[PDB]
Ligand code: HEM
Ligand SMILES: COc1cc(C=O)ccc1O
């Protein structure tokens, strides 16, 4: 409908999944708020527009259409008002910094060592499947009370939920172009129910220190628990992004450090630089790249576009984190980039609830990896491909050493 952006009519879903950065570089220059036809939504591409929409009193949370098809109601990312306040109060206790500091090291460090012990003397590894994803899901899985769910299964679940959640392509009429692409999401949810329903049965009668047991019990009147149908969509929120993103973050940080070998050496020599390395990794390839959204609650003007009430806007934080109005040569990883705010954890009342936990998981994992394999080198015989528009990370990370 906007004549000068008619080229957007020819942008494809596959192009956005394989490499969104060229289209979004054009968006940041041409139309920081733009309707992208294949996504069927306005998209915010710049840091200023993303932060404004995420913090605006004239917007509230909404799930993307394929995200809502995948999670249903009430997913913590998609609700507001009293329901959102309750779900935030439900998830926040185990994520409080003072609480995380009590146990995070005894949680993640033995897990990192266990996975490292399986390959640290091999001279070769694929770090996404052998280290980053397992440490991420095993840490969170244990925290949640899913100790008896294998890391293989947790990784399978987040991969299926990922593809269903981001099955965003629509046709001329705004209908999903790939309706069959939700089926594996439905299959994942059905498997999750068969595993987690007996655990919830047990936690209702015998609460313990698992996070999901506390989601059932915390803040409730005596003898009551939150209904499982009320909490399952937030369980799915965790079983996708909370399981997937710390692994994406550490893998992307490693890819960035490999691209700057002098800086990889710096960090191996001085592991106190790992937090700064991770912060730049999250900016450089944001794990949650364009998965969240808001909806206007009143008519509002953003980036010169007059939006009616009820207008969804996708927040492409991964593009916002390459805003050249903020950063110099953002496409390059640079450990020594001057520390600035970034949007990889979002903004506003729906900003990431697990920042402190997530940074610790990534930090400890990289600490133990560099301790165990200080001469880590990237297998330059194999390339690193990134995939994903909603959630983005490297599909593999082949390394060698010795
Ligand atoms: C590097 C890892 C992670 C990244 C980059 C990340 C990023 C994000 C982003 C971008 C959002 C949406 C914010 C917005 O819409 O403005 C979000 C929401 C959320 N994240 Fe994180 N996340 C990570 C890990 C985690 C972990 C490990 C947990 C839980 C232990 C978690 C819990 C949540 C929750 C509960 C929300 C929903 C908040 C709400 O809607 O009120 N995240 N995250
Ligand atoms: C923290 O987990 C999630 C976060 C988001 C943010 O947009 C979307 C789906 C998720 O599962």
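In the authors' numbering, the protein residues as written are 5 to 406. For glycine and all other residues, C-beta sits at the position ideal for the given N, C-alpha and C.
Could you check which residue in the options has the C-alpha nearest to that of residue i?
{"i": "residue 64", "options": "77, 129 and 85", "result": "85"}
{"i": "residue 193", "options": "212, 104, 213 and 169", "result": "169"}
{"i": "residue 113", "options": "126, 352, 138 and 129", "result": "138"}
{"i": "residue 354", "options": "22, 205 and 54", "result": "54"}
{"i": "residue 87", "options": "238, 204 and 179", "result": "238"}
{"i": "residue 245", "options": "308, 348 and 370", "result": "348"}
{"i": "residue 158", "options": "140, 58, 90 and 174", "result": "140"}
{"i": "residue 383", "options": "402, 90, 390 and 282", "result": "402"}
{"i": "residue 31", "options": "44, 14, 19 and 49", "result": "49"}
{"i": "residue 46", "options": "164, 294, 99 and 389", "result": "294"}
{"i": "residue 385", "options": "98, 130 and 75", "result": "130"}
{"i": "residue 438", "options": "305, 311, 300 and 356", "result": "An answer regarding residue 438 cannot be provided, because it is not within the stretch 5 to 406 covered by the chain."}
{"i": "residue 303", "options": "81, 313, 296 and 110", "result": "313"}
{"i": "residue 95", "options": "315, 250 and 242", "result": "242"}
{"i": "residue 291", "options": "108, 176, 390 and 161", "result": "390"}
{"i": "residue 215", "options": "325, 364, 21 and 143", "result": "143"}
{"i": "residue 178", "options": "404, 285 and 44", "result": "44"}
{"i": "residue 93", "options": "29, 262 and 220", "result": "220"}
{"i": "residue 101", "options": "346, 359 and 58", "result": "359"}
{"i": "residue 75", "options": "121, 109, 59 and 190", "result": "190"}
{"i": "residue 404", "options": "123, 198, 271 and 148", "result": "123"}
{"i": "residue 108", "options": "398, 400, 369 and 276", "result": "369"}
{"i": "residue 362", "options": "36, 136, 270 and 153", "result": "136"}
{"i": "residue 222", "options": "90, 254, 161 and 195", "result": "90"}
{"i": "residue 33", "options": "235, 203, 270 and 327", "result": "327"}
{"i": "residue 202", "options": "308, 351, 153 and 330", "result": "153"}
{"i": "residue 323", "options": "195, 395, 342 and 11", "result": "395"}
{"i": "residue 263", "options": "299, 110 and 381", "result": "381"}
{"i": "residue 346", "options": "37, 338 and 330", "result": "330"}
{"i": "residue 253", "options": "14, 236 and 364", "result": "364"}
{"i": "residue 98", "options": "218, 14, 282 and 376", "result": "218"}
Less than 8 Å between the CB atoms is what I'm expecting for residue i and residue j, so what's the real figure, rounded?
{"i": "residue 182", "j": "residue 166", "result": "Contact flag wrong, Cβ pair sits at about 14 Å."}
{"i": "residue 42", "j": "residue 174", "result": "7 Å"}
{"i": "residue 68", "j": "residue 318", "result": "6 Å"}
{"i": "residue 393", "j": "residue 20", "result": "4 Å"}
{"i": "residue 186", "j": "residue 73", "result": "6 Å"}
{"i": "residue 1", "j": "residue 260", "result": "The requested residue 1 is not part of the displayed model; the chain covers only 5 to 406."}
{"i": "residue 367", "j": "residue 279", "result": "6 Å"}
{"i": "residue 62", "j": "residue 300", "result": "6 Å"}
{"i": "residue 374", "j": "residue 275", "result": "6 Å"}
Helix, strand or coil for residue i per DSSP?
{"i": "residue 319", "result": "strand"}
{"i": "residue 85", "result": "helix"}
{"i": "residue 347", "result": "coil"}
{"i": "residue 312", "result": "coil"}
{"i": "residue 37", "result": "strand"}
{"i": "residue 296", "result": "strand"}
{"i": "residue 409", "result": "Outside the shown range of the chain (5 to 406) lies residue 409, about which nothing can therefore be said."}
{"i": "residue 67", "result": "coil"}
{"i": "residue 397", "result": "strand"}
{"i": "residue 406", "result": "coil"}
{"i": "residue 331", "result": "coil"}
{"i": "residue 305", "result": "strand"}
{"i": "residue 95", "result": "helix"}
{"i": "residue 15", "result": "coil"}
{"i": "residue 337", "result": "coil"}
{"i": "residue 48", "result": "strand"}
{"i": "residue 5", "result": "coil"}
Under a Cβ-count criterion, where at least 16 other Cβ atoms within 10 Å of its own Cβ denotes burial, should residue i be classed as buried or exposed?
{"i": "residue 344", "result": "exposed"}
{"i": "residue 229", "result": "buried"}
{"i": "residue 156", "result": "exposed"}
{"i": "residue 387", "result": "exposed"}
{"i": "residue 127", "result": "exposed"}
{"i": "residue 372", "result": "buried"}
{"i": "residue 335", "result": "exposed"}
{"i": "residue 273", "result": "exposed"}
{"i": "residue 224", "result": "exposed"}
{"i": "residue 227", "result": "exposed"}
{"i": "residue 206", "result": "exposed"}
{"i": "residue 397", "result": "buried"}
{"i": "residue 378", "result": "exposed"}
{"i": "residue 305", "result": "exposed"}
{"i": "residue 210", "result": "exposed"}
{"i": "residue 199", "result": "exposed"}
{"i": "residue 184", "result": "exposed"}
{"i": "residue 340", "result": "exposed"}
{"i": "residue 325", "result": "buried"}
TODO: Give, in chain order, every unbroken run of the alpha helix (DSSP H) that is at least 4 residues long and sits entirely within the segment 122-197.
DONE: Whole alpha helix (DSSP H) segments, 4+ residues: 137-148 and 155-169.
Open item on the list: Runs of 3 residues minimum, wholly inside the segment 203-268: which ones carry the beta strand (DSSP E) assignment?
Closed with: none
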